[PDB]
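One file, query_11.txt, carrying compact mmCIF, C-alpha atoms and all ligand atoms:
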# COMPACT_ATOMS: atom_id res chain seq x y z
CA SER A 1 -17.93 -1.71 14.87
CA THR A 2 -15.82 0.72 12.84
CA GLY A 3 -12.36 2.25 12.84
CA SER A 4 -10.92 5.44 11.34
CA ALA A 5 -7.24 6.36 11.28
CA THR A 6 -5.22 9.14 9.69
CA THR A 7 -2.39 8.08 7.40
CA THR A 8 0.58 10.42 6.84
CA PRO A 9 3.27 10.63 4.10
CA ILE A 10 6.70 9.64 5.43
CA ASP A 11 8.46 12.29 3.37
CA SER A 12 7.97 15.13 0.90
CA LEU A 13 7.62 12.72 -2.05
CA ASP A 14 4.78 10.60 -0.60
CA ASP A 15 7.13 7.60 -0.86
CA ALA A 16 4.96 5.79 1.65
CA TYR A 17 2.28 6.43 4.25
CA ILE A 18 2.34 5.52 7.95
CA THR A 19 -0.66 4.94 10.20
CA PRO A 20 -0.45 4.75 14.01
CA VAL A 21 -1.42 1.32 15.38
CA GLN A 22 -1.92 0.33 19.03
CA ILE A 23 -0.46 -3.04 20.02
CA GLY A 24 -0.66 -4.76 23.40
CA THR A 25 -1.65 -3.80 26.94
CA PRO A 26 -0.92 -1.07 27.92
CA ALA A 27 -0.87 0.15 24.31
CA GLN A 28 2.40 0.41 22.44
CA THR A 29 1.88 2.70 19.48
CA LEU A 30 3.79 1.92 16.30
CA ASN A 31 3.64 3.65 12.92
CA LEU A 32 2.88 0.99 10.35
CA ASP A 33 2.85 0.98 6.54
CA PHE A 34 -0.62 -0.30 5.50
CA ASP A 35 -0.07 -2.54 2.51
CA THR A 36 -2.96 -3.87 0.42
CA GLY A 37 -0.35 -5.87 -1.54
CA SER A 38 0.76 -8.19 1.29
CA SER A 39 -0.81 -10.07 4.17
CA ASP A 40 1.57 -10.01 7.10
CA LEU A 41 1.42 -7.70 10.10
CA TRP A 42 5.04 -7.48 11.22
CA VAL A 43 6.89 -5.06 13.45
CA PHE A 44 10.32 -4.03 14.58
CA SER A 45 10.60 -5.51 18.06
CA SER A 46 12.78 -6.20 21.07
CA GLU A 47 13.87 -9.33 19.16
CA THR A 48 15.19 -7.51 16.09
CA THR A 49 18.97 -7.84 15.64
CA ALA A 50 20.25 -4.64 17.27
CA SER A 51 22.50 -3.64 14.37
CA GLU A 52 19.43 -3.68 12.10
CA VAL A 53 17.45 -1.14 14.15
CA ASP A 54 18.08 2.58 13.50
CA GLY A 55 15.48 4.88 15.06
CA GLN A 56 12.35 2.73 14.72
CA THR A 57 9.92 2.35 17.60
CA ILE A 58 9.88 -1.30 18.66
CA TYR A 59 7.23 -3.66 20.00
CA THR A 60 8.23 -5.30 23.27
CA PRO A 61 5.92 -8.25 23.94
CA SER A 62 7.37 -8.80 27.43
CA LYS A 63 5.82 -5.45 28.41
CA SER A 64 2.35 -6.44 27.20
CA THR A 65 0.06 -8.32 29.59
CA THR A 66 -1.93 -9.67 26.64
CA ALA A 67 0.99 -10.87 24.47
CA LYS A 68 1.39 -14.63 24.03
CA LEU A 69 4.05 -16.43 22.02
CA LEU A 70 2.51 -18.35 19.12
CA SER A 71 4.74 -21.31 19.83
CA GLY A 72 6.66 -22.76 16.90
CA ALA A 73 5.39 -20.23 14.36
CA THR A 74 7.88 -18.47 12.11
CA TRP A 75 7.53 -16.13 9.15
CA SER A 76 9.64 -14.87 6.26
CA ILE A 77 8.64 -12.44 3.54
CA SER A 78 10.18 -10.75 0.52
CA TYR A 79 8.67 -7.77 -1.25
CA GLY A 80 8.62 -6.60 -4.86
CA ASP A 81 11.44 -4.12 -4.29
CA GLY A 82 13.66 -6.93 -3.02
CA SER A 83 13.34 -5.98 0.64
CA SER A 84 12.72 -8.69 3.22
CA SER A 85 12.17 -9.57 6.86
CA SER A 86 11.62 -12.62 9.07
CA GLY A 87 11.10 -13.69 12.66
CA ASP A 88 8.65 -15.32 15.02
CA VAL A 89 5.09 -14.64 16.11
CA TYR A 90 3.05 -13.35 19.05
CA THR A 91 -0.67 -12.98 19.41
CA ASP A 92 -1.82 -9.75 21.00
CA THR A 93 -4.57 -7.16 21.00
CA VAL A 94 -4.23 -4.75 18.08
CA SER A 95 -6.27 -1.57 17.56
CA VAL A 96 -6.55 0.70 14.51
CA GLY A 97 -8.43 3.99 14.78
CA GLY A 98 -10.65 2.71 17.60
CA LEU A 99 -11.25 -0.70 16.04
CA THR A 100 -9.90 -3.49 18.23
CA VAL A 101 -8.96 -7.08 17.33
CA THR A 102 -8.00 -9.61 19.98
CA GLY A 103 -5.69 -12.54 19.22
CA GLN A 104 -4.14 -10.85 16.19
CA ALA A 105 -0.96 -12.43 14.86
CA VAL A 106 1.81 -9.90 15.46
CA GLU A 107 4.87 -11.04 13.58
CA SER A 108 8.02 -10.02 15.43
CA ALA A 109 11.05 -9.34 13.21
CA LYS A 110 14.33 -10.97 14.13
CA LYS A 111 15.90 -9.80 10.87
CA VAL A 112 15.13 -6.98 8.43
CA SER A 113 16.87 -5.98 5.17
CA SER A 114 18.83 -2.73 4.97
CA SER A 115 16.03 -0.77 3.25
CA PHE A 116 13.86 -1.26 6.33
CA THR A 117 16.74 -0.41 8.68
CA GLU A 118 17.49 2.77 6.75
CA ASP A 119 13.90 3.96 6.96
CA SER A 120 13.50 5.23 10.51
CA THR A 121 9.89 6.34 9.97
CA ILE A 122 8.37 2.90 9.33
CA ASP A 123 8.01 0.60 12.37
CA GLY A 124 6.50 -2.27 10.41
CA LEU A 125 3.85 -3.27 7.89
CA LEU A 126 0.19 -4.07 8.21
CA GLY A 127 -0.91 -6.33 5.35
CA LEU A 128 -4.39 -5.93 3.89
CA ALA A 129 -4.32 -8.36 0.96
CA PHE A 130 -6.05 -11.73 1.28
CA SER A 131 -4.91 -14.01 4.13
CA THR A 132 -3.90 -16.75 1.66
CA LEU A 133 -0.69 -14.73 1.15
CA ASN A 134 0.23 -14.75 4.85
CA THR A 135 3.71 -16.22 5.34
CA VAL A 136 3.37 -17.65 8.85
CA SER A 137 4.36 -21.33 9.04
CA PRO A 138 3.21 -23.98 9.84
CA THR A 139 -0.14 -22.36 10.65
CA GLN A 140 -1.06 -19.52 8.26
CA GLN A 141 -2.51 -16.46 10.01
CA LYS A 142 -5.33 -14.01 9.26
CA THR A 143 -4.88 -10.32 8.44
CA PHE A 144 -6.14 -7.57 10.75
CA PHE A 145 -9.00 -6.99 8.32
CA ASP A 146 -10.00 -10.67 8.10
CA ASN A 147 -10.06 -10.89 11.90
CA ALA A 148 -12.01 -7.65 12.26
CA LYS A 149 -14.45 -8.50 9.50
CA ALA A 150 -17.11 -10.15 11.66
CA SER A 151 -17.37 -7.20 14.06
CA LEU A 152 -17.46 -4.60 11.27
CA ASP A 153 -20.73 -2.85 10.37
CA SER A 154 -19.82 -3.60 6.75
CA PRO A 155 -17.02 -5.87 5.47
CA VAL A 156 -15.11 -3.02 3.83
CA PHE A 157 -12.15 -0.74 4.33
CA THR A 158 -11.40 2.43 2.35
CA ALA A 159 -8.14 4.11 1.33
CA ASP A 160 -8.15 7.88 0.94
CA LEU A 161 -4.51 8.81 0.38
CA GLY A 162 -3.45 12.44 0.26
CA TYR A 163 -1.18 14.19 -2.22
CA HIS A 164 1.55 15.82 -0.10
CA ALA A 165 -0.99 15.66 2.71
CA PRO A 166 -2.40 13.24 5.29
CA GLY A 167 -5.24 10.92 4.36
CA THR A 168 -7.52 8.34 5.95
CA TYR A 169 -8.00 4.59 6.29
CA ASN A 170 -11.55 3.69 7.42
CA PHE A 171 -12.80 0.24 8.44
CA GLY A 172 -16.39 -0.94 8.39
CA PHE A 173 -18.01 2.06 6.72
CA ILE A 174 -17.98 4.24 3.63
CA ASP A 175 -17.68 7.97 4.33
CA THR A 176 -20.00 9.56 1.77
CA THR A 177 -18.50 13.00 2.53
CA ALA A 178 -15.02 11.87 1.47
CA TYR A 179 -15.68 11.69 -2.26
CA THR A 180 -17.57 13.46 -5.04
CA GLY A 181 -19.87 11.90 -7.62
CA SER A 182 -20.51 8.18 -7.41
CA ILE A 183 -18.37 5.15 -6.64
CA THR A 184 -17.76 2.78 -9.53
CA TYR A 185 -17.29 -0.83 -8.47
CA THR A 186 -15.34 -3.39 -10.47
CA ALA A 187 -14.82 -7.14 -10.09
CA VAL A 188 -11.93 -8.54 -8.05
CA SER A 189 -10.08 -11.81 -8.56
CA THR A 190 -8.57 -13.30 -5.42
CA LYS A 191 -6.84 -16.13 -7.28
CA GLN A 192 -3.36 -14.72 -6.64
CA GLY A 193 -4.21 -13.43 -3.17
CA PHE A 194 -4.22 -9.78 -4.29
CA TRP A 195 -6.84 -7.10 -4.82
CA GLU A 196 -6.62 -7.88 -8.54
CA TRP A 197 -8.86 -6.12 -11.03
CA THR A 198 -9.02 -5.08 -14.67
CA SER A 199 -8.85 -1.47 -15.83
CA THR A 200 -10.84 -0.65 -18.99
CA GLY A 201 -8.13 1.55 -20.52
CA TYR A 202 -6.25 4.84 -20.38
CA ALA A 203 -5.66 8.30 -21.81
CA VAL A 204 -2.57 10.51 -21.86
CA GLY A 205 -3.31 14.16 -21.09
CA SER A 206 -6.15 15.41 -23.28
CA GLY A 207 -5.61 12.56 -25.75
CA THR A 208 -8.33 10.13 -26.78
CA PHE A 209 -9.16 7.26 -24.44
CA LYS A 210 -7.72 3.92 -25.46
CA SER A 211 -10.07 1.05 -24.58
CA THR A 212 -7.91 -1.88 -23.55
CA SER A 213 -8.02 -4.32 -20.65
CA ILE A 214 -5.21 -3.91 -18.14
CA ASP A 215 -5.09 -6.46 -15.34
CA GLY A 216 -3.42 -5.15 -12.21
CA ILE A 217 -3.44 -4.96 -8.43
CA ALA A 218 -4.46 -2.17 -6.07
CA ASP A 219 -1.38 -1.83 -3.85
CA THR A 220 -1.08 0.88 -1.17
CA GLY A 221 2.36 -0.47 -0.30
CA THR A 222 3.84 0.45 -3.69
CA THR A 223 4.77 4.07 -4.40
CA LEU A 224 4.49 4.25 -8.16
CA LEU A 225 2.22 3.23 -11.03
CA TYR A 226 3.59 0.26 -13.02
CA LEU A 227 1.90 -0.42 -16.35
CA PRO A 228 2.65 -2.30 -19.62
CA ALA A 229 5.57 -0.92 -21.63
CA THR A 230 3.25 0.07 -24.48
CA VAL A 231 1.19 2.29 -22.15
CA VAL A 232 4.16 3.81 -20.38
CA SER A 233 5.97 4.55 -23.65
CA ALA A 234 2.86 6.33 -24.96
CA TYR A 235 2.77 8.50 -21.83
CA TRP A 236 6.44 9.55 -21.74
CA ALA A 237 6.43 10.16 -25.50
CA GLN A 238 4.38 13.27 -24.68
CA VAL A 239 7.14 14.70 -22.48
CA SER A 240 10.01 16.45 -24.30
CA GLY A 241 13.34 14.90 -23.34
CA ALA A 242 11.88 12.00 -21.35
CA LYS A 243 13.69 8.67 -21.63
CA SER A 244 14.20 5.32 -19.97
CA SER A 245 17.55 5.17 -18.22
CA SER A 246 19.14 1.84 -17.32
CA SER A 247 21.61 3.61 -15.02
CA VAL A 248 18.78 5.26 -13.07
CA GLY A 249 16.38 2.32 -13.37
CA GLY A 250 13.38 3.76 -15.15
CA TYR A 251 11.93 6.76 -16.95
CA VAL A 252 13.43 10.14 -16.15
CA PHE A 253 12.47 13.54 -17.54
CA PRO A 254 13.81 17.11 -17.56
CA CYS A 255 12.83 18.90 -14.36
CA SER A 256 11.77 21.84 -16.57
CA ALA A 257 8.97 19.77 -18.15
CA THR A 258 5.25 20.12 -17.54
CA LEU A 259 3.81 16.63 -17.16
CA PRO A 260 0.47 15.63 -18.72
CA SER A 261 -2.21 13.96 -16.65
CA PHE A 262 -2.86 10.23 -16.92
CA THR A 263 -6.39 8.81 -16.99
CA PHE A 264 -7.27 5.20 -16.19
CA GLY A 265 -10.61 3.50 -16.71
CA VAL A 266 -12.74 1.81 -14.10
CA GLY A 267 -15.62 0.31 -16.02
CA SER A 268 -17.21 3.33 -17.72
CA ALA A 269 -15.72 5.73 -15.15
CA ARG A 270 -12.45 7.63 -15.51
CA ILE A 271 -9.94 8.48 -12.78
CA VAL A 272 -7.58 11.31 -13.70
CA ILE A 273 -4.08 11.43 -12.18
CA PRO A 274 -2.84 15.04 -12.31
CA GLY A 275 0.56 15.60 -13.90
CA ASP A 276 2.03 16.89 -10.61
CA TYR A 277 1.36 13.50 -8.99
CA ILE A 278 3.65 11.85 -11.54
CA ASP A 279 6.63 14.07 -10.69
CA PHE A 280 8.93 12.41 -8.14
CA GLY A 281 11.57 15.09 -8.31
CA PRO A 282 15.34 15.14 -8.90
CA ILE A 283 16.96 11.70 -9.14
CA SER A 284 19.65 13.01 -6.76
CA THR A 285 19.83 16.26 -4.80
CA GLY A 286 20.32 19.18 -7.17
CA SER A 287 19.89 17.15 -10.37
CA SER A 288 18.02 18.62 -13.33
CA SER A 289 16.77 15.13 -14.19
CA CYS A 290 13.55 14.08 -12.44
CA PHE A 291 12.16 10.60 -11.77
CA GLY A 292 8.85 9.52 -13.27
CA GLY A 293 5.83 8.34 -11.29
CA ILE A 294 4.70 6.01 -14.09
CA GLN A 295 7.04 3.14 -14.86
CA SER A 296 7.07 -0.10 -16.85
CA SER A 297 5.82 -3.31 -15.22
CA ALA A 298 7.79 -5.38 -17.75
CA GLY A 299 10.41 -6.49 -15.23
CA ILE A 300 7.83 -7.23 -12.49
CA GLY A 301 5.39 -9.70 -14.03
CA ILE A 302 2.36 -7.77 -12.83
CA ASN A 303 0.79 -4.34 -13.29
CA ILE A 304 0.59 -2.35 -10.08
CA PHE A 305 -1.78 0.47 -9.29
CA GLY A 306 0.35 1.96 -6.52
CA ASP A 307 0.01 5.18 -4.50
CA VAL A 308 0.44 7.45 -7.54
CA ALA A 309 -2.83 6.08 -8.92
CA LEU A 310 -4.68 5.38 -5.69
CA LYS A 311 -4.15 8.84 -4.15
CA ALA A 312 -6.12 10.32 -7.05
CA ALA A 313 -9.20 8.42 -5.87
CA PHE A 314 -11.33 7.40 -2.92
CA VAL A 315 -10.87 3.63 -3.02
CA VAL A 316 -13.23 1.06 -1.53
CA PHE A 317 -11.87 -2.40 -0.72
CA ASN A 318 -15.02 -4.51 -0.46
CA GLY A 319 -14.26 -7.77 1.32
CA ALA A 320 -17.76 -9.23 1.03
CA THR A 321 -18.09 -12.88 -0.04
CA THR A 322 -17.90 -11.60 -3.60
CA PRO A 323 -15.10 -9.03 -3.28
CA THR A 324 -15.06 -5.87 -5.40
CA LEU A 325 -13.04 -2.69 -5.73
CA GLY A 326 -14.64 0.76 -5.84
CA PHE A 327 -13.23 4.04 -7.15
CA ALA A 328 -14.58 7.58 -6.83
CA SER A 329 -13.20 11.03 -7.59
CA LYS A 330 -12.51 13.36 -4.67
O1 LIG A 401 6.89 -3.09 -1.48
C1 LIG A 401 5.71 -3.65 -2.07
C2 LIG A 401 4.53 -3.43 -1.12
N1 LIG A 401 3.36 -4.25 -1.54
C3 LIG A 401 3.45 -5.72 -1.29
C4 LIG A 401 3.97 -6.46 -2.52
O2 LIG A 401 5.02 -5.76 -3.17
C5 LIG A 401 5.95 -5.13 -2.29
Full structure transcribed into structure tokens:
Amino acid sequence: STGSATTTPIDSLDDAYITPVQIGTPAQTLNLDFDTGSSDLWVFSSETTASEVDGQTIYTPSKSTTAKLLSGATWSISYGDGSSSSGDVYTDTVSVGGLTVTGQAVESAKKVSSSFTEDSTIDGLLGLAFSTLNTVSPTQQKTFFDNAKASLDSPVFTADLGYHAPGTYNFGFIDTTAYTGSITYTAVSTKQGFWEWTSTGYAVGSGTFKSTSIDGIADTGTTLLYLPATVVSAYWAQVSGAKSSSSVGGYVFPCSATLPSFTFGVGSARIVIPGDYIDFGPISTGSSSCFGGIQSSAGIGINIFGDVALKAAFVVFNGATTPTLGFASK
């Protein structure tokens, strides 16, 4: 089997991408944030504290003939931005882009943090990291991808994120029309439960390539690119007036600047992030100071190849017994 679903930016800054997902019988369609950096599928629901729901579409298991309470199971998760949610668990039929999984754990939120409440466009998350990160207790649950994996033609999914434009998540096949050149595959470590890999280095603009190993994770659920302070300082040093601002919480630059590209290495291959991708616009409406798309990972503990990097590539998440990550230009 295979699935193919369009993913769409939630706003004009590509802060996140939402993908329609069908849950239950008859289908209830929710727009979920596909997140290769976590492993829970959770949704706003009829159980979510009313004051914490503001415009989201909710899952109502009582209206689904295939929903069953997973008795005694609870879940609680916190994300890298400090957001969080928790609740209980149903099993139900879940379909993405024509690909159907029965008995999927659908985690129903009883509580969500304000950042989720304030974002009316995201109805929940669909985790695509390894199931060892799933937070359901006392019986840990499998991701949509892990459940689907047996039925898939190939144990892969691909992320093809758009720049200010819709993109595609495919399951079970690699669309050879969706990229140019060849795909370069690189080893993945699952030891921390992430799609963790090692970049072979970087270049700033037309500068020479610096060969250096950078361990990081491929994370569709993170907006920006977070790299070691040495790397990020070398990048912003090439932008007149750029600086790190503690008040703003990262690198800012004059909106009048032209940003250089940023290249990262995948084995012997090179993925080039255009300068425009790194511009996240005025820090507040009307400001002449703009927020940078490349930021330091120093306060995080881990380097993160977020949307800023991933949208510059066609990315293959290979969930074979020996998992790998593939990157191609597009
Ligand atoms: O908000 C980000 C999304 N990715 C999962 C881990 O970090 C949290």
Could you give me, as a tab-separated table, a per-residue list for chain A showing, wherever an atom lies at most 12 Å from an atom of ligand LIG 401 (chain A), the closest pair of atoms and their distance in Å to one decimal, using all atoms listed in the file and sorting by chain then residue number from low to high?
residue	atom	partner	partner_atom	distance
A:15	CA	A:LIG401	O1	10.7
A:16	CA	A:LIG401	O1	9.6
A:17	CA	A:LIG401	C2	11.5
A:33	CA	A:LIG401	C2	9.0
A:34	CA	A:LIG401	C2	9.0
A:35	CA	A:LIG401	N1	5.6
A:36	CA	A:LIG401	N1	6.6
A:37	CA	A:LIG401	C3	3.8
A:38	CA	A:LIG401	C3	4.5
A:39	CA	A:LIG401	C3	8.2
A:40	CA	A:LIG401	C3	9.6
A:41	CA	A:LIG401	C3	11.7
A:77	CA	A:LIG401	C4	9.7
A:78	CA	A:LIG401	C5	7.6
A:79	CA	A:LIG401	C5	3.9
A:80	CA	A:LIG401	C5	4.0
A:81	CA	A:LIG401	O1	5.4
A:82	CA	A:LIG401	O1	7.9
A:83	CA	A:LIG401	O1	7.4
A:84	CA	A:LIG401	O1	9.4
A:85	CA	A:LIG401	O1	11.8
A:115	CA	A:LIG401	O1	10.5
A:116	CA	A:LIG401	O1	10.6
A:124	CA	A:LIG401	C2	11.8
A:125	CA	A:LIG401	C2	9.0
A:126	CA	A:LIG401	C3	10.2
A:127	CA	A:LIG401	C3	8.0
A:128	CA	A:LIG401	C3	9.4
A:129	CA	A:LIG401	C3	8.5
A:130	CA	A:LIG401	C3	11.5
A:133	CA	A:LIG401	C4	10.2
A:134	CA	A:LIG401	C3	11.4
A:192	CA	A:LIG401	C4	11.8
A:193	CA	A:LIG401	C4	10.8
A:194	CA	A:LIG401	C4	9.0
A:195	CA	A:LIG401	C3	11.0
A:217	CA	A:LIG401	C4	9.6
A:218	CA	A:LIG401	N1	9.3
A:219	CA	A:LIG401	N1	5.8
A:220	CA	A:LIG401	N1	6.8
A:221	CA	A:LIG401	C2	3.8
A:222	CA	A:LIG401	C2	4.7
A:223	CA	A:LIG401	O1	8.0
A:224	CA	A:LIG401	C1	10.0
A:225	CA	A:LIG401	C1	11.8
A:226	CA	A:LIG401	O2	11.6
A:300	CA	A:LIG401	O2	9.8
A:301	CA	A:LIG401	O2	11.6
A:302	CA	A:LIG401	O2	10.2
A:303	CA	A:LIG401	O2	11.1
A:304	CA	A:LIG401	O2	8.9
A:305	CA	A:LIG401	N1	10.4
A:306	CA	A:LIG401	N1	8.5
A:307	CA	A:LIG401	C2	10.3
Using all atoms listed in the file, which protein or nucleic acid residues come within 9 Å of residue 18 in chain A? Drop anything in the same chain fewer than 6 positions from it, and give the result as a list in words.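 Result of the neighbour search: residues 6, 7, 8, 9, 10, 31, 32, 33, 34, 121, 122, 123 and 125 of chain A.
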Under the rule of at most 6 Å, produce a per-residue listing of range 85-171 of chain A near range 315-325 of chain A: chain, number, name, the closest pair of atoms, and the distance in Å, as a tab-separated table, using only C-alpha atoms.
residue	atom	partner	partner_atom	distance
A:155	CA	A:319	CA	5.3
A:156	CA	A:318	CA	4.5
A:157	CA	A:317	CA	5.3
A:158	CA	A:316	CA	4.5
A:159	CA	A:315	CA	5.2
Keeping only C-alpha atoms, write those residues as a PDB file, keeping the file's coordinate frame.
ATOM      1  CA  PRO A 155     -17.020  -5.870   5.470  1.00  0.00           C
ATOM      2  CA  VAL A 156     -15.110  -3.020   3.830  1.00  0.00           C
ATOM      3  CA  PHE A 157     -12.150  -0.740   4.330  1.00  0.00           C
ATOM      4  CA  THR A 158     -11.400   2.430   2.350  1.00  0.00           C
ATOM      5  CA  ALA A 159      -8.140   4.110   1.330  1.00  0.00           C
TER       6      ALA A 159
END
If we count all atoms listed in the file and set the cut-off at 7 Å, which residues sit around range 282-299 of chain A, ignoring sequence neighbours fewer than 4 positions away in its own chain? Please answer as number ranges by chain. A: 224-229, 232, 250-255, 278, 303, 308
Rounded to one decimal in Å, what is the spacing between CA of residue 74 in chain A and CA of residue 191 in chain A?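 Going from CA of residue 74 in chain A over to CA of residue 191 in chain A, I get 24.5 Å.
Between CA of residue 145 in chain A and CA of residue 24 in chain A there is a distance of 17.4 Å.
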Write out as a PDB file with C-alpha atoms, in the coordinates of the input each polymer residue whose atoms come within 7 Å of range 90-107 of chain A, counting only C-alpha atoms; drop sequence neighbours fewer than 5 positions from it.
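Dumped to out_13.pdb:
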ATOM      1  CA  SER A   1     -17.930  -1.710  14.870  1.00  0.00           C
ATOM      2  CA  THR A   2     -15.820   0.720  12.840  1.00  0.00           C
ATOM      3  CA  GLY A   3     -12.360   2.250  12.840  1.00  0.00           C
ATOM      4  CA  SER A   4     -10.920   5.440  11.340  1.00  0.00           C
ATOM      5  CA  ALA A   5      -7.240   6.360  11.280  1.00  0.00           C
ATOM      6  CA  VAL A  21      -1.420   1.320  15.380  1.00  0.00           C
ATOM      7  CA  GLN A  22      -1.920   0.330  19.030  1.00  0.00           C
ATOM      8  CA  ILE A  23      -0.460  -3.040  20.020  1.00  0.00           C
ATOM      9  CA  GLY A  24      -0.660  -4.760  23.400  1.00  0.00           C
ATOM     10  CA  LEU A  41       1.420  -7.700  10.100  1.00  0.00           C
ATOM     11  CA  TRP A  42       5.040  -7.480  11.220  1.00  0.00           C
ATOM     12  CA  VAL A  43       6.890  -5.060  13.450  1.00  0.00           C
ATOM     13  CA  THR A  66      -1.930  -9.670  26.640  1.00  0.00           C
ATOM     14  CA  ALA A  67       0.990 -10.870  24.470  1.00  0.00           C
ATOM     15  CA  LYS A  68       1.390 -14.630  24.030  1.00  0.00           C
ATOM     16  CA  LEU A  69       4.050 -16.430  22.020  1.00  0.00           C
ATOM     17  CA  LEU A  70       2.510 -18.350  19.120  1.00  0.00           C
ATOM     18  CA  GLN A 141      -2.510 -16.460  10.010  1.00  0.00           C
ATOM     19  CA  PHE A 144      -6.140  -7.570  10.750  1.00  0.00           C
ATOM     20  CA  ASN A 147     -10.060 -10.890  11.900  1.00  0.00           C
ATOM     21  CA  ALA A 148     -12.010  -7.650  12.260  1.00  0.00           C
TER      22      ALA A 148
END
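Residue nearest residue 199 in chain A, chosen from A:263, A:113, A:140, A:180 and counting all atoms listed in the file: A:263.
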Kindly indicate which residue among A:214, A:259, A:165, A:183 lies nearest to residue 14 in chain A, using all atoms listed in the file for the distances. A:165
Which value, in Å to one decimal, gives the distance between CA of residue 119 in chain A and CA of residue 164 in chain A? 18.5 Å
Write out as a PDB file with C-alpha atoms, in the frame of the given file each polymer residue whose atoms come within 8 Å of residue 205 in chain A, counting all atoms listed in the file; drop sequence neighbours fewer than 3 positions from it.
ATOM      1  CA  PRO A 260       0.470  15.630 -18.720  1.00  0.00           C
ATOM      2  CA  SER A 261      -2.210  13.960 -16.650  1.00  0.00           C
ATOM      3  CA  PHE A 262      -2.860  10.230 -16.920  1.00  0.00           C
ATOM      4  CA  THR A 263      -6.390   8.810 -16.990  1.00  0.00           C
TER       5      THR A 263
END
If you count all atoms listed in the file, which residues fall within 8 Å of range 267-274 of chain A, apart from same-chain ones fewer than 6 positions away, as a PyMOL selection string? chain A and resi 184-186+199-200+260-261+308-309+312-313+327-329
Nearest to residue 161 in chain A among A:212, A:86, A:19, A:182, with distances taken over only C-alpha atoms: which residue is it?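 Of all the options, A:19 lies closest to residue 161 in chain A.
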For residue 179 in chain A, which of A:59, A:330, A:242, A:206 is the closest residue, counting only C-alpha atoms?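 Residue with the minimum atom-to-atom distance to residue 179 in chain A: A:330.
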Counting all atoms listed in the file, the residue of A:277, A:75, A:235, A:209 that sits nearest residue 163 in chain A: A:277
Smallest atom-to-atom distance to residue 132 in chain A: which of A:114, A:151, A:190, A:246, using all atoms listed in the file?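 Comparing A:114, A:151, A:190, A:246 against residue 132 in chain A, the winner is A:190.
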